[PDB]
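Structure first, commentary second.
Every residue, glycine among them, receives a Cβ derived from its backbone with ideal geometry; neighbour counts consider all protein chains shown. The values are calculated or read from the model by the stated rules, or taken from the named source; no laboratory instrument gave them.
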Amino acid sequence: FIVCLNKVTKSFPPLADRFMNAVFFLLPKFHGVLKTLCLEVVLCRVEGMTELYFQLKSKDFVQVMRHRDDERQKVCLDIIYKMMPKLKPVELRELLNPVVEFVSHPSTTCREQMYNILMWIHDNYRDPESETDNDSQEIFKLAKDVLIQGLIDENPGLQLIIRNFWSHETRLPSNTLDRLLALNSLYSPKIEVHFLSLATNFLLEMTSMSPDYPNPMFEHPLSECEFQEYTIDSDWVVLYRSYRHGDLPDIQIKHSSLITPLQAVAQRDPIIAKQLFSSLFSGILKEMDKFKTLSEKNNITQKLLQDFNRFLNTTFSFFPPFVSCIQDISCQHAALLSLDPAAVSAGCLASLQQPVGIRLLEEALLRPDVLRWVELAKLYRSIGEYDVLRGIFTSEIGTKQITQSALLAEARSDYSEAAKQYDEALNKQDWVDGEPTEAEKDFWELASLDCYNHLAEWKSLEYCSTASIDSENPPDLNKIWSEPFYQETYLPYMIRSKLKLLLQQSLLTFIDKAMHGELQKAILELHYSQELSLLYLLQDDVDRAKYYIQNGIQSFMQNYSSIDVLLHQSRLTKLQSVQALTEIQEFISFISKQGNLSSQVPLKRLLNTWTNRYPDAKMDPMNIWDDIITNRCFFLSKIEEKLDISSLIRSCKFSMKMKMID
Amino acid sequence: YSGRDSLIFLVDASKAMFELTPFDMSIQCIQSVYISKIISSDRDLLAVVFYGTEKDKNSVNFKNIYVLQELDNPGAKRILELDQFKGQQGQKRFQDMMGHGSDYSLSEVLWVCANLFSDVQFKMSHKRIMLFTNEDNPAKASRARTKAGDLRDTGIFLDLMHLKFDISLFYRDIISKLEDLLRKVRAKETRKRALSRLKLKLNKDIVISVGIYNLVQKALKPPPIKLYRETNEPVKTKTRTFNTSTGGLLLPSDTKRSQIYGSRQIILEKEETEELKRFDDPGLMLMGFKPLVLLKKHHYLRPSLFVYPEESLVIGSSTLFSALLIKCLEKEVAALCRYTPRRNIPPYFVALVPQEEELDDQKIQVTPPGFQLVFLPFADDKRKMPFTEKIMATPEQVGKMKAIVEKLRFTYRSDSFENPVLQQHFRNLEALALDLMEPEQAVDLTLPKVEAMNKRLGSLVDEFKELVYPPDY
Amino acid sequence: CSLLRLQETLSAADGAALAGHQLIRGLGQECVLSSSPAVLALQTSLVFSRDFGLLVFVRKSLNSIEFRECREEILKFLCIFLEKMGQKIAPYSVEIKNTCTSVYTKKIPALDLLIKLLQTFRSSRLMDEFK
DNA sequence: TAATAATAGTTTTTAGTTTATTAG
DNA sequence: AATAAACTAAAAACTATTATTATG
């Protein structure tokens, strides 16, 4: 019955108009391909059901969505497509909520269908004009984000039509100025890697209407000869410049003939993408410089600063090219020089783009000013501009002395008495400056932490993590403590403290809280994956440690690729993580040979190895000393035990101490 | 046969239960039905989902619908849920937490019923819905009538009685005596699986299946499972022929079956042991016809069953059996069959007394058209005592006991009596659910009833004693 | 990852019958998803073979009919790992055989587990042959 | 040189094996 | 001073699947 009914409904839709009850009395009884045929019949006569959302209530559309079938799921999506014109907005986003998780599926056909759904919504139902309730705004945000992710379809035609859909004056207004304004408001928190590339793509494809862009820029060749397309062998690249070639150099090439290769390289090369984006944006600024009203100009700069916030706030990788582009764009423009010093500081620090923001903040100072000063000081400490830092904390905003005596300690690198000064007077708020800035307060907290991390005082590292800080938060910290920004700064120190204490538990609490919320885990693996590897290699769940170490190798490679190498200190610090990564990876790989794992031949010959390969601190920062010390001690304690002896281990402890001394 | 009648309790709350108020009597009806169903069939599912409510408690959450115990195998859950509300105080508290009579759309409740019947995943032969109202509670009804008709098309039956056959005027078109439902039906097992039909070797060239289905035969107490004496969970009972002289459990290669006959235990093998059980093949090997006059009928005493054909294995079952029972009228004989339910079975000499269909005005299949198994005895089991037939009838005595007893003329309703153990323990299970006493006693009417009223009908055996000593003690 | 936390959610779901149904649905989804040979996927399936214990003990390992379908699904995923993409056979085989003996102790997928153990004896002979 | 076909299988109610005292 | 056995002792039920031989 139902098989021939699904066979005839396509053959004749009207005949299905007598067995709605039959399928509805059987749809929650039909669960195999019978369910598929029920979907076929429903789709063919969805108009036959004036109200069938209550079927979804009763027939559990959601459970069908759990099923994996481009057939079943896609035809359900098509049914919704038929009935979403008639669907109520509340039911509409109700159905949307389970839909959104299906994006980016290898089906690419039911995926394509639901992307059609999303664009249709953003066109007529989730469209920016139907935004009357938070329902509608949420729907439109979801649709715009998923179609943003659709700009990058592995299907070039699909993403191409998506680009056409967007660039359309409805979705993206036609005028270059207002197109730009919409682009500033259209960034997705995950696309800053290619947000600039796609924005350039849209901007340049607008130039198509320019009835000279497809024309040549030159018509007066200095050397004129025959110009015909040139060929090239491409045995197992597609052309973007035809090479109308000959004896003499032509100059009558089209503007398009250059722009299209230019657009392709821009959308492919991110660094050139951001350079081009900055240049074009500035040129647009000159375009508005003709006669445009400064009221509109400052409104645009305000909304652009807000956009920059929504970029930095919603980014967590902090794309070093994107971050640098935003920084310089702020640099060249006074109304754009109004950045939050804390925001640009954090962006530089997460992007290792410190000096660019240092120049930006320098322009800001020479243009609050105390916050600008303290952020410049924070980055100077991070890099090591301790000389100008001394000048600043003696002249600009630095009126204290514990800050300055600890500055002397840090220049003398004996952080011990620096932290003694700070933890001595860090909880007290009265000072010669009255109230020092809370930035200076958490700077003192971070200096005490940097001491007790520099020293082997991991117990006092956790102690200054918990109590020695100002009593602005409970001692221990977890995901419920990430909201304070200083705690976010402390997090690498937090993992350091707890990992070394275990190497000597709120750590595991925050670890599970880090898997709880993939942003936390992503950031941790981006910046502390090797610490996790050392932990879970010490925690003896070494499979997790190997997982963390491979993820950390990939994160290091990707960060070093993204983070500019010309900032040679940043690149050097990036490559200082090599020792622990290799430690964990190679120890796991070699641990298959467990014969030389507890015997004394990995002890007598390999204990002196504890303290043979030790650098000098000038070329190896002493935090990386703590790193490599943990690495080597882990090596030659794990390889000497758990399948010359004691005096040699004591000698190696002692020699490690002299190397600490040197 | 997979397939039963699925029933739901769709009871209206339009204060047509609150006028005794119909609610309490309706709840007694439903609880008695559930008591029957728990002791009869868990295959049938019971849905305590009432509508007319002040709440929208249902899957799709439609107007004036409440769910208490949805479609499920019967049990004490619904028993206690209705027991907490059966009383008048139970009725008022029910109206408190559930609600009173409210407005709604009948299309909503019928849609919920359709969802309920389409959510169960049992091949179900029939579907039924019950409903109670004091009178006719009523667009609001036209869509309702349409949906009810559609559900009827889906095999769903509708049951309703107006508790004012007087006043259901607005419901006469809507609709498609509960004293029977007051637990008159109780404790009847519903199984439809049984042995494959046996092959009647009626002759030497054609054999015909006979339908012997032990599906509605004797039912008794539920399975006593060896639950844990502490937590009431069963045990696996690891048991087999195990060893003490050698320890452990004996393996099949080490187990031999013998027979202690004559002066020795005649050791055979298990293969010979279980292949000896056969004299020929499975089925009803027919020797011929035996006149019914040659039946001992004082040895036709063992548990006897019926012998019916089965028009499923051979085309000629119904055909030849119809002809045979047509011509059974002129025969005083029985189909003399040897009976093997399966392979390796000792056939039993069986006389097939023609028990043809008693098709009444409604053609009820009482004594279905086939044969009844007549016992042909043997010489090893009867409690025989030495015969003494020097005593014949005497006219005074025969007349006296005739006048004593001939008034009491029964009809022998085969199912009139109640099994003591079966109904006893089933209603005892009911009481266990109720957490109460021994509810009531079942008996095979083993206490005589005429002896208390034979003298009421004019007994003469008591009146006329053949001896000063009790004539027959 | 998505696989790890989704399977953990499915296990945490373990009404018990509906929990079994959603577990078998998610496990079929992951089975048609886990057809990947990347070493990262092998390692995550490895590290979640530890969480298989909680997966099967929220399944109760009880051969219960409300989780008998989950037994089918876990054995079909083991058949996904019957071929040699589970390159790391050492760290789990002994606890795996002990757990599956427990599951059979407290139907057809029990025999499937026995087949899995036979395959391990064909491939992971070293540690399995001791126990 | 690649789909449809049968052991694929069950909520097996009787193999007719436990309750029942004058043999000394 | 020993005869007395109704305290249960097992096997088909339409479920349904695979498995065809789907191709040179």
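Taken across region B:158-170, residues that are of a type in the set (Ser, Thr, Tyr), in contact with a strand residue (DSSP E or B) (Cβ under 9 Å, 6 or more places away or on another chain) and within 13 Å of DNA strand E (Cβ to nearest atom) do not occur at all.
Residues that are over 19 Å from A:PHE635 (Cβ atoms), under 17 Å from the mean Cα position of the chain (by Cα) and of a type in the set (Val, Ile, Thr) do occur in region A:561-582, at least one of them.
The residue pairs whose first member lies in region B:276-295 and is within 14 Å of chain C (Cβ to nearest Cβ), whose second member is away from DNA strand D (no atom under 16 Å from the Cβ), and whose beta carbons are closer than 9 Å, counting only pairs six or more residues apart or on different chains, do not exist in this structure. Where helices (runs of 4 or more DSSP H) fall entirely within region A:1-116, those with at least 2 residues that are among the hydroxyl-bearing types (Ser, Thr, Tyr) are at A:2-11, A:53-59. Scanning region B:217-275 for residues that are hydrophobic (A, V, I, L, M, F, W, C), surrounded by 11 or more Cβ atoms within 10 Å (Cβ to Cβ) and in contact with a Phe, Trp or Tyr (Cβ under 8 Å, 6 or more places away or on another chain) yields a total of 2. Checked against (1) more than 14 Å from every other protein chain (Cβ to nearest Cβ); (2) more than 28 Å from A:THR132 (Cα to Cα); (3) polar (S, T, N, Q), A:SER104 meets all criteria but (1).
Can you confirm whether region B:352-374 contains a residue that is in the same structural domain as B:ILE212 (by CATH), within 16 Å of DNA strand E (Cβ to nearest atom) and in contact with a strand residue (DSSP E or B) (Cβ under 9 Å, 6 or more places away or on another chain)? There is no residue in region B:352-374 that is in the same structural domain as B:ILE212 (by CATH), within 16 Å of DNA strand E (Cβ to nearest atom) and in contact with a strand residue (DSSP E or B) (Cβ under 9 Å, 6 or more places away or on another chain). If the condition is being assigned to a loop (DSSP other than H, G, I, E, B), over 14 Å from B:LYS15 (Cβ atoms) and away from chain A (no Cβ under 11 Å), then region B:91-125 contributes B:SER105, B:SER125.
The combined condition, being out of contact with any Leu (no Cβ under 7 Å at 6 or more places or on another chain), away from every other protein chain (no Cβ under 14 Å) and within 16 Å of DNA strand E (Cβ to nearest atom), is fulfilled by B:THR239.
Of all residues in region B:196-213, none satisfies the criterion of being exposed (fewer than 13 other Cβ atoms within 10 Å of the Cβ) and either within 18 Å of B:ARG342 (Cα to Cα) or in contact with a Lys or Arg (Cβ under 7 Å, 6 or more places away or on another chain) (or both). For B:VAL60, the test of being under 26 Å from A:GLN55 (Cα atoms) and within 14 Å of another protein chain (Cβ to nearest Cβ) is passed. Using the structure shown, decide if C:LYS84 is away from chain A (no Cβ under 12 Å) and on the phi > 0 side of the Ramachandran plot. No. Within region B:72-86, the set of residues being more than 18 Å from B:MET97 (Cα to Cα) and surrounded by fewer than 15 Cβ atoms within 10 Å (Cβ to Cβ) comprises B:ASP72, B:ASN73.
Here B:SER36 fulfils each of the conditions (1) away from DNA strand D (no atom under 16 Å from the Cβ); (2) in contact with a strand residue (DSSP E or B) (Cβ under 9 Å, 6 or more places away or on another chain); (3) closer than 30 Å to B:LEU195 by Cα apart from (2).
For region A:549-598, the tally of residues that are assigned to a loop (DSSP other than H, G, I, E, B) and closer than 22 Å to A:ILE629 by Cα stands at 4. Restricting attention to region C:45-61, the residues that are surrounded by 20 or more Cβ atoms within 10 Å (Cβ to Cβ) and within 22 Å of A:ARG68 (Cβ to Cβ) total 4.
Looking at region B:51-64, is at least one residue of a type in the set (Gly, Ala, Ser), touching a helix residue (DSSP H, G or I) at 6+ places or on another chain (Cβ under 9 Å) and surrounded by fewer than 22 Cβ atoms within 10 Å (Cβ to Cβ)? Yes, region B:51-64 contains at least one residue that is of a type in the set (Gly, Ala, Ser), touching a helix residue (DSSP H, G or I) at 6+ places or on another chain (Cβ under 9 Å) and surrounded by fewer than 22 Cβ atoms within 10 Å (Cβ to Cβ). Taking residues in region C:17-43 that are more than 10 Å from chain A (Cβ to nearest Cβ) and farther than 19 Å from C:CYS1 by Cβ, and partners anywhere that are among the polar types (S, T, N, Q) and surrounded by fewer than 16 Cβ atoms within 10 Å (Cβ to Cβ), the pairs with Cβ atoms closer than 9 Å and at least 6 places apart or on different chains are C:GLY20/C:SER64. Taking region B:202-286 and the strands (runs of 3 or more DSSP E) fully enclosed by it, the elements with 1 or more residues that are in contact with a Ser or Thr (Cβ under 8 Å, 6 or more places away or on another chain) are at B:208-211, B:264-267. A residue that is among the polar types (S, T, N, Q), over 16 Å from the mean Cα position of the chain (by Cα) and under 21 Å from C:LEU42 (Cβ atoms) cannot be found anywhere in region C:96-114. Under the condition of being away from DNA strand D (no atom under 16 Å from the Cβ) and small (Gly, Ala, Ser), which residue from region B:161-194 is nearest to the chain's Cα centre (by Cα)? In this case the residue turns out to be B:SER176. Contact annotation: residue pairs with Cβ atoms under 8 Å, 6 or more positions apart or on different chains, pairing a residue in region A:62-84 that is surrounded by fewer than 18 Cβ atoms within 10 Å (Cβ to Cβ) with a partner that is of a type in the set (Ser, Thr, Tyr), are A:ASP69/A:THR36; A:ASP70/A:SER107; A:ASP70/A:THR109; A:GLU71/A:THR36.
Put simply, of C:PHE52, C:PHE57 the only residue that is within 14 Å of chain A (Cβ to nearest Cβ) and under 30 Å from A:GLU525 (Cβ atoms) is C:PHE52. If you check A:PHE19, A:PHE24, A:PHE1 for being crowded, with 20+ Cβ neighbours inside 10 Å, within 14 Å of chain B (Cβ to nearest Cβ) and more than 40 Å from the chain's Cα centre (by Cα), only one passes: A:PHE24.
For every residue, the table says whether it meets (1) within 16 Å of DNA strand E (Cβ to nearest atom); (2) at positive phi.
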{"site": "B:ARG183", "(1), (2)": "no, yes"}
{"site": "B:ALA194", "(1), (2)": "yes, no"}
{"site": "B:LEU200", "(1), (2)": "no, no"}
{"site": "B:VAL210", "(1), (2)": "yes, no"}
{"site": "B:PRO222", "(1), (2)": "yes, no"}
{"site": "B:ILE225", "(1), (2)": "yes, no"}
{"site": "B:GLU230", "(1), (2)": "no, no"}
{"site": "B:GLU233", "(1), (2)": "no, no"}
{"site": "B:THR244", "(1), (2)": "no, no"}
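Looking only at region B:319-343, residues that are over 13 Å from B:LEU373 (Cα atoms), away from DNA strand D (no atom under 16 Å from the Cβ) and not in a loop (DSSP other than H, G, I, E, B) come to 12 in all. Looking only at residues of region A:401-416 that are outside any helix (DSSP H, G or I) and not polar (S, T, N, Q), we find that the one that is surrounded by the fewest Cβ atoms within 10 Å (Cβ to Cβ) is A:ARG412. Looking across B:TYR66, B:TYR104, B:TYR51, one residue alone is under 26 Å from B:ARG183 (Cβ atoms), of a type in the set (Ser, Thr, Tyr), out of contact with any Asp or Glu (no Cβ under 7 Å at 6 or more places or on another chain) and away from DNA strand E (no atom under 16 Å from the Cβ). It is B:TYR66.
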